[PDB]
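K.L.:
Provided below: data10.cif, containing mmCIF, N, CA and C atoms.
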data_data
loop_
_atom_site.label_atom_id
_atom_site.label_comp_id
_atom_site.auth_asym_id
_atom_site.auth_seq_id
_atom_site.Cartn_x
_atom_site.Cartn_y
_atom_site.Cartn_z
N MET A 15 -22.20 -78.92 0.62
CA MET A 15 -23.22 -79.74 1.27
C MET A 15 -24.59 -79.11 1.22
N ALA A 16 -24.99 -78.61 2.36
CA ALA A 16 -26.20 -77.94 2.68
C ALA A 16 -26.05 -76.51 2.79
N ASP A 17 -24.84 -75.90 2.66
CA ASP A 17 -24.63 -74.49 2.69
C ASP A 17 -23.50 -74.22 1.75
N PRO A 18 -23.38 -72.93 1.14
CA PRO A 18 -22.24 -72.55 0.37
C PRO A 18 -21.04 -72.35 1.26
N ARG A 19 -21.40 -72.09 2.47
CA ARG A 19 -20.48 -71.86 3.57
C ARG A 19 -19.71 -73.12 3.90
N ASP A 20 -20.34 -74.27 3.80
CA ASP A 20 -19.64 -75.54 3.88
C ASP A 20 -18.71 -75.79 2.70
N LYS A 21 -19.08 -75.35 1.47
CA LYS A 21 -18.22 -75.53 0.22
C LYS A 21 -16.90 -74.85 0.44
N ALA A 22 -17.03 -73.69 1.05
CA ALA A 22 -15.93 -72.78 1.44
C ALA A 22 -15.00 -73.47 2.47
N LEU A 23 -15.61 -74.19 3.45
CA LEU A 23 -14.91 -74.79 4.62
C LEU A 23 -13.89 -75.88 4.11
N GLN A 24 -14.41 -76.67 3.13
CA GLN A 24 -13.83 -77.85 2.50
C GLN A 24 -12.56 -77.36 1.76
N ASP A 25 -12.61 -76.18 1.10
CA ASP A 25 -11.46 -75.53 0.45
C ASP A 25 -10.34 -75.14 1.40
N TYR A 26 -10.67 -74.73 2.64
CA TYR A 26 -9.67 -74.39 3.63
C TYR A 26 -8.83 -75.68 3.84
N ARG A 27 -9.44 -76.84 3.94
CA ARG A 27 -8.76 -78.08 4.21
C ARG A 27 -7.75 -78.48 3.18
N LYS A 28 -8.08 -78.27 1.89
CA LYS A 28 -7.20 -78.54 0.74
C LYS A 28 -5.98 -77.69 0.82
N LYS A 29 -6.16 -76.43 1.20
CA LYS A 29 -5.11 -75.44 1.54
C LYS A 29 -4.28 -75.74 2.76
N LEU A 30 -4.91 -76.34 3.82
CA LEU A 30 -4.10 -76.69 4.94
C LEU A 30 -3.03 -77.78 4.52
N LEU A 31 -3.56 -78.80 3.70
CA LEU A 31 -2.82 -79.84 3.13
C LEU A 31 -1.76 -79.34 2.15
N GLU A 32 -2.10 -78.33 1.37
CA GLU A 32 -1.31 -77.62 0.35
C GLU A 32 -0.14 -76.85 0.98
N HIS A 33 -0.40 -76.17 2.10
CA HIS A 33 0.59 -75.43 2.82
C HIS A 33 1.64 -76.44 3.33
N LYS A 34 1.20 -77.62 3.79
CA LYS A 34 2.07 -78.63 4.32
C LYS A 34 2.89 -79.18 3.21
N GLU A 35 2.23 -79.52 2.06
CA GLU A 35 2.79 -80.34 0.97
C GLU A 35 3.94 -79.54 0.50
N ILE A 36 3.79 -78.19 0.33
CA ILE A 36 4.83 -77.32 -0.17
C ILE A 36 5.97 -77.20 0.72
N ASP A 37 5.75 -77.18 2.05
CA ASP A 37 6.73 -76.97 3.14
C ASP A 37 7.72 -78.10 3.15
N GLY A 38 7.26 -79.34 2.85
CA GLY A 38 8.08 -80.51 2.74
C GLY A 38 9.01 -80.35 1.61
N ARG A 39 8.57 -79.84 0.43
CA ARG A 39 9.44 -79.73 -0.80
C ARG A 39 10.46 -78.73 -0.60
N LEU A 40 10.00 -77.63 -0.02
CA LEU A 40 10.69 -76.39 0.21
C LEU A 40 11.88 -76.64 1.02
N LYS A 41 11.76 -77.46 2.12
CA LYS A 41 12.82 -77.88 3.04
C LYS A 41 13.87 -78.82 2.34
N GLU A 42 13.45 -79.76 1.48
CA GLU A 42 14.34 -80.60 0.74
C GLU A 42 15.25 -79.83 -0.20
N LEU A 43 14.72 -78.91 -0.93
CA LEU A 43 15.43 -77.96 -1.81
C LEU A 43 16.35 -76.93 -1.01
N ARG A 44 15.90 -76.51 0.18
CA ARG A 44 16.58 -75.65 1.17
C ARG A 44 17.90 -76.20 1.71
N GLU A 45 17.96 -77.54 2.01
CA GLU A 45 19.14 -78.31 2.62
C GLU A 45 20.24 -78.23 1.70
N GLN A 46 19.89 -78.35 0.43
CA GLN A 46 20.78 -78.36 -0.76
C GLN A 46 21.49 -76.97 -0.88
N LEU A 47 20.75 -75.88 -0.58
CA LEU A 47 21.23 -74.50 -0.58
C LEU A 47 22.31 -74.28 0.43
N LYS A 48 22.12 -74.89 1.56
CA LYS A 48 23.03 -74.80 2.68
C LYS A 48 24.40 -75.33 2.37
N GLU A 49 24.44 -76.48 1.61
CA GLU A 49 25.74 -77.01 1.25
C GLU A 49 26.43 -76.07 0.31
N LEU A 50 25.63 -75.51 -0.68
CA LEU A 50 26.23 -74.64 -1.69
C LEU A 50 26.80 -73.32 -1.03
N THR A 51 26.09 -72.79 0.01
CA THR A 51 26.43 -71.56 0.71
C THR A 51 27.73 -71.78 1.42
N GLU B 28 -15.74 -83.68 11.35
CA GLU B 28 -14.39 -83.82 10.85
C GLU B 28 -13.49 -82.73 11.43
N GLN B 29 -13.09 -81.83 10.52
CA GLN B 29 -12.45 -80.56 10.97
C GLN B 29 -12.86 -79.43 10.09
N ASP B 30 -13.63 -79.58 9.03
CA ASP B 30 -14.13 -78.53 8.21
C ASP B 30 -15.26 -79.23 7.59
N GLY B 31 -16.28 -78.52 7.07
CA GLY B 31 -17.26 -78.91 6.12
C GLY B 31 -18.48 -79.33 6.90
N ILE B 32 -18.32 -79.21 8.28
CA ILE B 32 -19.29 -79.60 9.21
C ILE B 32 -20.11 -78.39 9.43
N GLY B 33 -21.36 -78.68 9.81
CA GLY B 33 -22.37 -77.75 10.16
C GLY B 33 -22.05 -76.92 11.31
N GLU B 34 -21.30 -77.44 12.27
CA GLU B 34 -21.02 -76.66 13.44
C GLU B 34 -20.25 -75.48 13.19
N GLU B 35 -19.20 -75.62 12.30
CA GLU B 35 -18.38 -74.47 12.10
C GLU B 35 -19.13 -73.26 11.44
N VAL B 36 -20.11 -73.57 10.56
CA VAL B 36 -20.94 -72.56 9.87
C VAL B 36 -21.70 -71.73 10.84
N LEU B 37 -22.28 -72.45 11.83
CA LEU B 37 -23.09 -71.84 12.92
C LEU B 37 -22.23 -70.94 13.79
N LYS B 38 -21.00 -71.43 14.11
CA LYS B 38 -20.02 -70.89 15.05
C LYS B 38 -19.52 -69.57 14.62
N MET B 39 -19.12 -69.43 13.34
CA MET B 39 -18.59 -68.16 12.79
C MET B 39 -19.67 -67.26 12.34
N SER B 40 -19.33 -66.02 12.00
CA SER B 40 -20.26 -65.01 11.41
C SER B 40 -20.24 -65.19 9.93
N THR B 41 -21.33 -64.81 9.23
CA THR B 41 -21.43 -64.98 7.78
C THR B 41 -20.49 -64.09 6.99
N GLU B 42 -20.27 -62.85 7.48
CA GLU B 42 -19.33 -61.96 6.95
C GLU B 42 -17.93 -62.37 6.96
N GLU B 43 -17.51 -62.99 8.10
CA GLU B 43 -16.14 -63.46 8.31
C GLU B 43 -15.80 -64.57 7.39
N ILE B 44 -16.74 -65.45 7.05
CA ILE B 44 -16.56 -66.54 6.08
C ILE B 44 -16.16 -65.99 4.63
N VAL B 45 -16.81 -64.89 4.19
CA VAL B 45 -16.47 -64.20 2.92
C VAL B 45 -15.06 -63.65 2.91
N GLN B 46 -14.57 -62.97 3.99
CA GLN B 46 -13.27 -62.35 4.12
C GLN B 46 -12.18 -63.42 4.17
N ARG B 47 -12.44 -64.57 4.89
CA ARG B 47 -11.50 -65.65 5.05
C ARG B 47 -11.25 -66.30 3.72
N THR B 48 -12.30 -66.51 2.84
CA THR B 48 -12.08 -67.11 1.57
C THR B 48 -11.11 -66.23 0.69
N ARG B 49 -11.27 -64.87 0.67
CA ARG B 49 -10.45 -63.98 -0.10
C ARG B 49 -8.97 -63.97 0.26
N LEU B 50 -8.74 -63.90 1.61
CA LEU B 50 -7.46 -63.71 2.27
C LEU B 50 -6.56 -64.87 2.00
N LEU B 51 -7.12 -66.05 2.15
CA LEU B 51 -6.39 -67.33 1.97
C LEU B 51 -5.89 -67.65 0.59
N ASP B 52 -6.69 -67.14 -0.47
CA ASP B 52 -6.36 -67.29 -1.86
C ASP B 52 -5.04 -66.63 -2.16
N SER B 53 -4.84 -65.49 -1.50
CA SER B 53 -3.65 -64.69 -1.75
C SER B 53 -2.32 -65.32 -1.34
N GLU B 54 -2.37 -66.07 -0.24
CA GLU B 54 -1.26 -66.79 0.37
C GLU B 54 -0.69 -67.86 -0.54
N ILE B 55 -1.57 -68.47 -1.31
CA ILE B 55 -1.20 -69.52 -2.24
C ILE B 55 -0.22 -69.05 -3.35
N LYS B 56 -0.45 -67.77 -3.86
CA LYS B 56 0.47 -67.29 -4.91
C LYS B 56 1.84 -67.12 -4.50
N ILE B 57 1.90 -66.51 -3.37
CA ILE B 57 3.19 -66.26 -2.77
C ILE B 57 3.98 -67.47 -2.30
N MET B 58 3.29 -68.48 -1.61
CA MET B 58 3.91 -69.76 -1.20
C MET B 58 4.45 -70.57 -2.39
N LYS B 59 3.66 -70.68 -3.50
CA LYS B 59 4.02 -71.46 -4.65
C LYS B 59 5.22 -70.92 -5.40
N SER B 60 5.24 -69.62 -5.51
CA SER B 60 6.33 -68.80 -6.04
C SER B 60 7.58 -68.93 -5.17
N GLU B 61 7.48 -69.08 -3.78
CA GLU B 61 8.53 -69.15 -2.75
C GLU B 61 9.36 -70.41 -3.06
N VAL B 62 8.64 -71.54 -3.35
CA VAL B 62 9.19 -72.85 -3.67
C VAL B 62 9.89 -72.82 -4.93
N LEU B 63 9.30 -72.18 -5.97
CA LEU B 63 9.96 -72.09 -7.30
C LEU B 63 11.24 -71.31 -7.24
N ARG B 64 11.28 -70.14 -6.51
CA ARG B 64 12.38 -69.14 -6.40
C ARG B 64 13.50 -69.85 -5.78
N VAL B 65 13.23 -70.70 -4.80
CA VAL B 65 14.27 -71.58 -4.22
C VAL B 65 14.84 -72.50 -5.15
N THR B 66 14.05 -73.19 -6.06
CA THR B 66 14.55 -74.12 -6.99
C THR B 66 15.55 -73.44 -7.95
N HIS B 67 15.25 -72.18 -8.39
CA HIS B 67 16.13 -71.37 -9.18
C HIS B 67 17.39 -70.84 -8.53
N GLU B 68 17.26 -70.55 -7.21
CA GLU B 68 18.25 -70.05 -6.33
C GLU B 68 19.39 -71.04 -6.17
N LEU B 69 19.02 -72.34 -6.21
CA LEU B 69 19.90 -73.42 -6.25
C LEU B 69 20.85 -73.46 -7.46
N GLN B 70 20.30 -73.14 -8.66
CA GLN B 70 21.09 -73.02 -9.89
C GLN B 70 22.02 -71.84 -9.85
N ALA B 71 21.52 -70.70 -9.25
CA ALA B 71 22.18 -69.43 -9.17
C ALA B 71 23.47 -69.58 -8.26
N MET B 72 23.33 -70.35 -7.08
CA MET B 72 24.39 -70.63 -6.19
C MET B 72 25.43 -71.44 -6.98
N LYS B 73 24.98 -72.42 -7.85
CA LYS B 73 25.87 -73.26 -8.56
C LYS B 73 26.70 -72.50 -9.52
N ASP B 74 26.10 -71.43 -10.16
CA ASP B 74 26.73 -70.57 -11.17
C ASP B 74 27.89 -69.83 -10.56
#
Is it possible to express this structure as structure tokens?
P.N.:
Amino acid sequence: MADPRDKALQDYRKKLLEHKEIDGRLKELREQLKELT
Amino acid sequence: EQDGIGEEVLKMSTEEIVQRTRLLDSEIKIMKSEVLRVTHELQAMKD
């Protein structure tokens, strides 16, 4: 925007979303492990 | 919103903003690899 510091802020958000997006996949693949164990 | 706003820039220190950008990048390698290792782990259990 008006600061490089804001460019930086906007990237944290993509990562917050990214951390979530992965956690959902991770858990679906995880359930499957449990049956095999 | 929750990021990208002017308030947050004012609120934090300028130094801390540099350290936070570095630290967070590192987490991504490890998380992405965590998901893949599981996908492989599934085949390994099957074997």
K.L.:
Report, in Å with one decimal, the straight-line distance from atom N of residue 55 of chain B to atom C of residue 44 of chain A.
P.N.:
21.2 Å
K.L.:
Give me, please, the distance in Å between atom N of residue 40 of chain A and atom CA of residue 62 of chain B, quoted to one decimal.
P.N.:
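Distance between the two atoms: 6.1 Å.
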K.L.:
Given the file shown, enumerate the residues that the PyMOL selection byres ((chain B) within 7 of (chain A)) captures and present them as a VMD selection string.
P.N.:
chain B and resid 30 to 33 36 48 61 to 62 65 to 66 68 to 69 72 to 73
K.L.:
The selected residues should be written to file as an mmCIF file, keeping the file's coordinate frame (atoms: N, CA and C atoms).
P.N.:
data_model
loop_
_atom_site.group_PDB
_atom_site.id
_atom_site.type_symbol
_atom_site.label_atom_id
_atom_site.label_comp_id
_atom_site.auth_asym_id
_atom_site.auth_seq_id
_atom_site.Cartn_x
_atom_site.Cartn_y
_atom_site.Cartn_z
ATOM 1 N N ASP B 30 -13.630 -79.580 9.030
ATOM 2 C CA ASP B 30 -14.130 -78.530 8.210
ATOM 3 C C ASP B 30 -15.260 -79.230 7.590
ATOM 4 N N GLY B 31 -16.280 -78.520 7.070
ATOM 5 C CA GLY B 31 -17.260 -78.910 6.120
ATOM 6 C C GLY B 31 -18.480 -79.330 6.900
ATOM 7 N N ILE B 32 -18.320 -79.210 8.280
ATOM 8 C CA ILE B 32 -19.290 -79.600 9.210
ATOM 9 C C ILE B 32 -20.110 -78.390 9.430
ATOM 10 N N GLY B 33 -21.360 -78.680 9.810
ATOM 11 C CA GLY B 33 -22.370 -77.750 10.160
ATOM 12 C C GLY B 33 -22.050 -76.920 11.310
ATOM 13 N N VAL B 36 -20.110 -73.570 10.560
ATOM 14 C CA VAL B 36 -20.940 -72.560 9.870
ATOM 15 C C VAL B 36 -21.700 -71.730 10.840
ATOM 16 N N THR B 48 -12.300 -66.510 2.840
ATOM 17 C CA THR B 48 -12.080 -67.110 1.570
ATOM 18 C C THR B 48 -11.110 -66.230 0.690
ATOM 19 N N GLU B 61 7.480 -69.080 -3.780
ATOM 20 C CA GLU B 61 8.530 -69.150 -2.750
ATOM 21 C C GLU B 61 9.360 -70.410 -3.060
ATOM 22 N N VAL B 62 8.640 -71.540 -3.350
ATOM 23 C CA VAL B 62 9.190 -72.850 -3.670
ATOM 24 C C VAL B 62 9.890 -72.820 -4.930
ATOM 25 N N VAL B 65 13.230 -70.700 -4.800
ATOM 26 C CA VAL B 65 14.270 -71.580 -4.220
ATOM 27 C C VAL B 65 14.840 -72.500 -5.150
ATOM 28 N N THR B 66 14.050 -73.190 -6.060
ATOM 29 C CA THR B 66 14.550 -74.120 -6.990
ATOM 30 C C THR B 66 15.550 -73.440 -7.950
ATOM 31 N N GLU B 68 17.260 -70.550 -7.210
ATOM 32 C CA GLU B 68 18.250 -70.050 -6.330
ATOM 33 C C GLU B 68 19.390 -71.040 -6.170
ATOM 34 N N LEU B 69 19.020 -72.340 -6.210
ATOM 35 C CA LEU B 69 19.900 -73.420 -6.250
ATOM 36 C C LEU B 69 20.850 -73.460 -7.460
ATOM 37 N N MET B 72 23.330 -70.350 -7.080
ATOM 38 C CA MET B 72 24.390 -70.630 -6.190
ATOM 39 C C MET B 72 25.430 -71.440 -6.980
ATOM 40 N N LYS B 73 24.980 -72.420 -7.850
ATOM 41 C CA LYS B 73 25.870 -73.260 -8.560
ATOM 42 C C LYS B 73 26.700 -72.500 -9.520
#
K.L.:
If I take atom CA of residue 28 of chain B and atom N of residue 34 of chain A, how far is one from the other in Å, to one decimal?
P.N.:
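These atoms are spaced 18.2 Å apart.
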K.L.:
Put a box with edges along x, y and z around all the listed atoms of segment 35-51 of chain A, pad it by 4 Å on each side, then give me its centre and sizes in Å, one decimal, as AutoDock Vina command-line options.
P.N.:
--center_x 15.0 --center_y -76.1 --center_z 0.7 --size_x 33.5 --size_y 17.0 --size_z 13.0
K.L.:
Please fill the gaps in segment 27-39 of chain A so it has N, CA, C and O atoms, and write that as a PDB file, in the coordinates of the input.
P.N.:
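selection_25.pdb written:
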ATOM      1  N   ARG A  27      -9.440 -76.840   3.940  1.00  0.00           N
ATOM      2  CA  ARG A  27      -8.760 -78.080   4.210  1.00  0.00           C
ATOM      3  C   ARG A  27      -7.750 -78.480   3.180  1.00  0.00           C
ATOM      4  O   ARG A  27      -6.675 -78.960   3.427  1.00  0.00           O
ATOM      5  N   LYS A  28      -8.080 -78.270   1.890  1.00  0.00           N
ATOM      6  CA  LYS A  28      -7.200 -78.540   0.740  1.00  0.00           C
ATOM      7  C   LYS A  28      -5.980 -77.690   0.820  1.00  0.00           C
ATOM      8  O   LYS A  28      -4.894 -78.163   0.694  1.00  0.00           O
ATOM      9  N   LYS A  29      -6.160 -76.430   1.200  1.00  0.00           N
ATOM     10  CA  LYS A  29      -5.110 -75.440   1.540  1.00  0.00           C
ATOM     11  C   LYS A  29      -4.280 -75.740   2.760  1.00  0.00           C
ATOM     12  O   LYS A  29      -3.118 -75.485   2.853  1.00  0.00           O
ATOM     13  N   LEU A  30      -4.910 -76.340   3.820  1.00  0.00           N
ATOM     14  CA  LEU A  30      -4.100 -76.690   4.940  1.00  0.00           C
ATOM     15  C   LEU A  30      -3.030 -77.780   4.520  1.00  0.00           C
ATOM     16  O   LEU A  30      -1.822 -77.678   4.844  1.00  0.00           O
ATOM     17  N   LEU A  31      -3.560 -78.800   3.700  1.00  0.00           N
ATOM     18  CA  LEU A  31      -2.820 -79.840   3.130  1.00  0.00           C
ATOM     19  C   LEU A  31      -1.760 -79.340   2.150  1.00  0.00           C
ATOM     20  O   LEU A  31      -0.590 -79.720   2.200  1.00  0.00           O
ATOM     21  N   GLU A  32      -2.100 -78.330   1.370  1.00  0.00           N
ATOM     22  CA  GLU A  32      -1.310 -77.620   0.350  1.00  0.00           C
ATOM     23  C   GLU A  32      -0.140 -76.850   0.980  1.00  0.00           C
ATOM     24  O   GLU A  32       0.979 -76.918   0.456  1.00  0.00           O
ATOM     25  N   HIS A  33      -0.400 -76.170   2.100  1.00  0.00           N
ATOM     26  CA  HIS A  33       0.590 -75.430   2.820  1.00  0.00           C
ATOM     27  C   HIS A  33       1.640 -76.440   3.330  1.00  0.00           C
ATOM     28  O   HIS A  33       2.830 -76.229   3.348  1.00  0.00           O
ATOM     29  N   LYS A  34       1.200 -77.620   3.790  1.00  0.00           N
ATOM     30  CA  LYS A  34       2.070 -78.630   4.320  1.00  0.00           C
ATOM     31  C   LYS A  34       2.890 -79.180   3.210  1.00  0.00           C
ATOM     32  O   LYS A  34       4.059 -79.437   3.503  1.00  0.00           O
ATOM     33  N   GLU A  35       2.230 -79.520   2.060  1.00  0.00           N
ATOM     34  CA  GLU A  35       2.790 -80.340   0.970  1.00  0.00           C
ATOM     35  C   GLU A  35       3.940 -79.540   0.500  1.00  0.00           C
ATOM     36  O   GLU A  35       5.052 -80.010   0.334  1.00  0.00           O
ATOM     37  N   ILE A  36       3.790 -78.190   0.330  1.00  0.00           N
ATOM     38  CA  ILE A  36       4.830 -77.320  -0.170  1.00  0.00           C
ATOM     39  C   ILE A  36       5.970 -77.200   0.720  1.00  0.00           C
ATOM     40  O   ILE A  36       7.070 -77.092   0.249  1.00  0.00           O
ATOM     41  N   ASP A  37       5.750 -77.180   2.050  1.00  0.00           N
ATOM     42  CA  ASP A  37       6.730 -76.970   3.140  1.00  0.00           C
ATOM     43  C   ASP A  37       7.720 -78.100   3.150  1.00  0.00           C
ATOM     44  O   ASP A  37       8.917 -77.877   3.237  1.00  0.00           O
ATOM     45  N   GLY A  38       7.260 -79.340   2.850  1.00  0.00           N
ATOM     46  CA  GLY A  38       8.080 -80.510   2.740  1.00  0.00           C
ATOM     47  C   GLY A  38       9.010 -80.350   1.610  1.00  0.00           C
ATOM     48  O   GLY A  38      10.185 -80.752   1.762  1.00  0.00           O
ATOM     49  N   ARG A  39       8.570 -79.840   0.430  1.00  0.00           N
ATOM     50  CA  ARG A  39       9.440 -79.730  -0.800  1.00  0.00           C
ATOM     51  C   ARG A  39      10.460 -78.730  -0.600  1.00  0.00           C
ATOM     52  O   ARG A  39      11.610 -78.914  -1.023  1.00  0.00           O
TER      53      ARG A  39
END
